[PDB]
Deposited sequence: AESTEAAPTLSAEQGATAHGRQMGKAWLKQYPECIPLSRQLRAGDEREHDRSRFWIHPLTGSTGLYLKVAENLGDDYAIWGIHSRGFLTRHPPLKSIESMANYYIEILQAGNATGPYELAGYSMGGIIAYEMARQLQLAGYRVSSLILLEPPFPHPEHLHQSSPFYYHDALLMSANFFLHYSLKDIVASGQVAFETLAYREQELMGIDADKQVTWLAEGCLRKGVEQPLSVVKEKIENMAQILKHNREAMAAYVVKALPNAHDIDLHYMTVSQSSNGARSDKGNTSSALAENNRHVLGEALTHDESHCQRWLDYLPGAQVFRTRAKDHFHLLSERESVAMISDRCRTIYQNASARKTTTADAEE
């Protein structure tokens, strides 16, 4: 299925004539699968997994609006390529919400889900969530520019905290000239790319961050049809980036709220510093990858 662009191969599994297409990982808020590359690395020799990006992340395509909509489209990516076989879905933060909604939509039809791995998916409660409801588009521009800054400059030699932007930098800048201001400063910081290119990619991903964050806020968590049919796994932590609302930041309350929908789920805990460091701290990724291996190992 080459035409389903949002999907990418996660492994050195490019040479296989026939390969298993049942393990899929779903993007978080940014829409990228870069957080899953190391987890894939430690799993390359045994089991093959695939990553899904947001619609319009790599391409010039229009994003999707609702969690139910993106779920349905990536099921097409799953079913086209794997006609009937059971699927194993995983997701971090927003991705866990999506993979959960797929297990809903997959089980609503005649299809089966073998394993569901939720890496700290936040629990949105629409009212209390939208009762506060502070979100601004210039915040998404901040996350997009810093994501571009960190990704473009991967040279550790010659700090990134001074490289990153801050909200107070846009205080006296009009919203129309904000994307140009962030792109101009990117070139000034050593990005060395055409200004028109950085302007396009900052705003294009910022469009996805706004749509992905808005989709998380409108989601209504529903019960899984036949939830005991799934191998349920919840991966959490022990015991800036404020585009996500205060109610979208993953707490232990979100984990406890999710367990009411996931009976018999096995809670896996790592020593990560935070929810944002769950797939960033070297050892936390190793604990997750080792646990992920056992789950995929338990395929019948």
Deposited sequence positions missing from the model - stretches, numbered from 1, in order: 1-30, 189-192, 274-292, 354-364
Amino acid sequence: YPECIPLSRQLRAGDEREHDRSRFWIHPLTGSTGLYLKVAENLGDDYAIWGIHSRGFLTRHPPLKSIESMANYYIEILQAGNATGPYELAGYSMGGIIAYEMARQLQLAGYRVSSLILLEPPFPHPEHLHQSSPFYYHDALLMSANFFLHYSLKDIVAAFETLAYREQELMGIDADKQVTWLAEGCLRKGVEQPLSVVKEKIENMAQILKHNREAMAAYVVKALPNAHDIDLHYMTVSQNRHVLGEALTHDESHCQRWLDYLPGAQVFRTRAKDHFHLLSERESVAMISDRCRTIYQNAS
From here on, numbers count along this sequence of modelled residues.
Entry B factor averaged over C-alpha atoms, 108-116 against 159-167: higher for 159-167
Greater mean Cα temperature factor according to the PDB record, 86-94 or 71-79: 71-79
Could you say which of 34, 263, 28, 51 has its CA atom at the highest B factor, as listed in the PDB entry? 263
Out of 58, 259, 235, 40, highest CA B-factor residue: 58
Chain-relative CA temperature factor third for residue 122: lowest
Residue 188 CA temperature factor, ranked by third within the chain: middle
Among the modelled residues of its chain, the C-alpha B-factor of residue 21 falls in the third labelled highest
By the recorded C-alpha temperature factor, relative to the other modelled residues in its chain, which third is residue 243 in? highest
Going by the recorded CA B-factors, say which third of the chain residue 176 sits in, lowest, middle or highest. highest
